[PDB]
Amino acid sequence: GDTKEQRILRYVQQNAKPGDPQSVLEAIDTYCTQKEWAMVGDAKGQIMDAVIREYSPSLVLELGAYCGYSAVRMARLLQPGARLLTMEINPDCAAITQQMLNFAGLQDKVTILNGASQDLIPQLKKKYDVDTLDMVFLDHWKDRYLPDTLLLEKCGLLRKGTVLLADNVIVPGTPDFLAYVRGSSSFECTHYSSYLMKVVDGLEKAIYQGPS
Ligand SMILES: Cc1nc(C)c(-c2cc(C(=O)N3CCN(c4ccccc4)CC3)n[nH]2)s1
Ligand SMILES: [Cl-]
């Protein structure tokens with residue numbers, strides 16, 4: 001068997017450099033640009049980097065590791081001792097992600113949780129010893145953004161100033177998630193447009209202010 005995702009890891013393992021997350025980033029960026037696209041960006045990576053650098057989170061939740069691009073891009077910017085938790089529902093992508101972090105030298109900042117987001121979010125406190133989350137990046141199924149944001153509320157995982165950065169909120173779009181965070185007083189929201197497919201997409205930054 002030879003999947004697109006094995007093919008990406010293998011281009012990285014040949015062209016990027018062991019323990020250099022940026023040559024991993026550019027090799028992936030290079031692969032998805034010249035060889036076959038994958039569901040990856042440097043234009044939205046600039047936005048993702050600015051938000052990591054602005055808020056210096058000590059504990060990040062990512063929903064949707066996939067191949068490990070956005071986990072290499074985040075964890076490369078985290079301070080010593082900070083953690084990334086990444087949930088991946090497909091075990092083969094989870095293996096790609098473990099190897100992509102192992103090659104990039106970041107497998108000690110990341111913990112991969114294999115599971116659907118709404119099964120693992122309730123276990124975060126008991127099992128992975130989380131108190132609150134400093135940042136949350138949502139890049140999974142667009143119809144889970146809103147219910148997972150409220151599930152994170154329920155379980156008391158968001159604090160005042162938690163950053164939620166939501167990808168692909170324009171295309172495919174997350175209309176329900178955007179209406180809620182923009183309309184709720186618990187969230188202060190900034191929309192970052194980024195092109196893609198030559199289409200305007202966007203990320204939403206939504207900062208939690210505390211319950212209503
Ligand atoms: C309830 C859930 N909890 C989690 C943790 C979920 C999750 C999302 C992802 C992910 O990263 N992508 C992106 C890639 N994509 C895809 C790409 C091409 C074709 C079809 C699908 C699958 C979803 N991995 N696990 S869904
Ligand atoms: Cl499910």
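Just so you know, residue 1 is the first one in the sequence shown, and it goes up from there. In listed order, ligands and their atoms are each counted from 1.
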>> For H140 together with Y145, are the ring centres under 6.0 Å from each other?
In response: yes
> Where do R73 and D42 land on the salt bridge (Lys or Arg N to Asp or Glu O under 4.0 Å) test, with the steps shown first?
Replying inline: CA-CA 10 Å; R73 178 128 215 166; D42 200 69; 2.8 Å; yes
> Which residue holds the protein heavy atom closest to atom 9 (C) of ligand 1, what is that atom called, and what is the gap in Å?
Replying inline: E88 OE1, 3.4 Å
>> Any side-chain to backbone donor/acceptor pair from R7 onto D2? Under 3.5 Å, distance only.
In response: yes
> Atoms of ligand 1 less than 4.0 Å from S117 heavy atoms?
Replying inline: 1 (C), 2 (C), 3 (N), 4 (C), 5 (C)
> Between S186 (side chain) and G210 (backbone), is there a donor-acceptor pair under 3.5 Å?
Replying inline: yes
Can you give the donor-acceptor pairs under 3.5 Å from side chains of residues 202-209 to other protein atoms, not counting sequence neighbours?
residue: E204; atom: OE1; partner: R182; partner atom: NH2; Å: 2.9
residue: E204; atom: OE1; partner: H191; partner atom: ND1; Å: 3.4
residue: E204; atom: OE2; partner: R182; partner atom: NE; Å: 3.0
residue: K205; atom: NZ; partner: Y55; partner atom: OH; Å: 3.2
residue: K205; atom: NZ; partner: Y192; partner atom: OH; Å: 3.3
residue: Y208; atom: OH; partner: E153; partner atom: OE1; Å: 3.4
residue: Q209; atom: NE2; partner: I207; partner atom: O; Å: 3.4

>> Heavy-atom pairs closer than 4.0 Å: do any link ligand 1 to the side chain of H140, the backbone, both, or neither?
In response: both
> Counting from 1, what ligand 1 atoms have a heavy atom of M39 closer than 4.0 Å?
Replying inline: 13 (C), 14 (C)
> If you measure every N/O of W141 against every N/O of ligand 1, is any gap under 3.5 Å?
Replying inline: no
>> Between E62 and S70, do the side chains contain a donor N or O and an acceptor N or O under 3.5 Å apart?
In response: yes
> What protein heavy atom sits nearest atom 7 (C) of ligand 1, and how far away is it?
Replying inline: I89 CG2, 3.5 Å
>> I'd like to know whether ligand 1 has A38 as a neighbour, heavy-atom separation below 4.0 Å.
In response: no
> What residue and atom, counting heavy atoms only, is the protein's closest point to atom 5 (C) of ligand 1, and at what distance?
Replying inline: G115 O, 3.4 Å
>> Closer than 4.0 Å and a protein heavy atom, does any atom meet both conditions relative to atom 1 (C) of ligand 1?
In response: yes
>> Can a donor-acceptor pair be found, under 3.5 Å and without considering hydrogens, that links the side chain of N114 to the backbone of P91?
In response: no
>> Within the 4.0 Å heavy-atom shell around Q118, which atoms of ligand 1 are there?
In response: 1 (C)
> Which ligand 1 atoms, with their elements, are less than 4.0 angstrom from a heavy-atom of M87?
Replying inline: 5 (C)
> Is there a donor-acceptor contact under 3.5 Å from the side chain of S23 to the main chain of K17?
Replying inline: yes
> Between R144 and ligand 1, which part of the residue brings a heavy atom under 4.0 Å of the ligand: side chain, backbone, both or neither?
Replying inline: side chain
> Would you find a donor on one side and an acceptor on the other, under 3.5 Å apart, between the side chain of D201 and the backbone of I170?
Replying inline: yes
> Counting only heavy atoms on the protein side, is anything nearer than 4.0 Å to atom 16 (C) of ligand 1?
Replying inline: no
> Does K4 reach the main-chain N or O of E36 with its side chain, forming a donor-acceptor pair under 3.5 Å?
Replying inline: no
>> Just to confirm my output: which protein heavy-atom neighbour is closest to atom 11 (O) of ligand 1, and how far is it?
In response: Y66 CB, 3.3 Å
>> Quiz question for you: does at least one protein heavy atom lie closer than 4.0 Å to atom 21 (C) of ligand 1?
In response: no
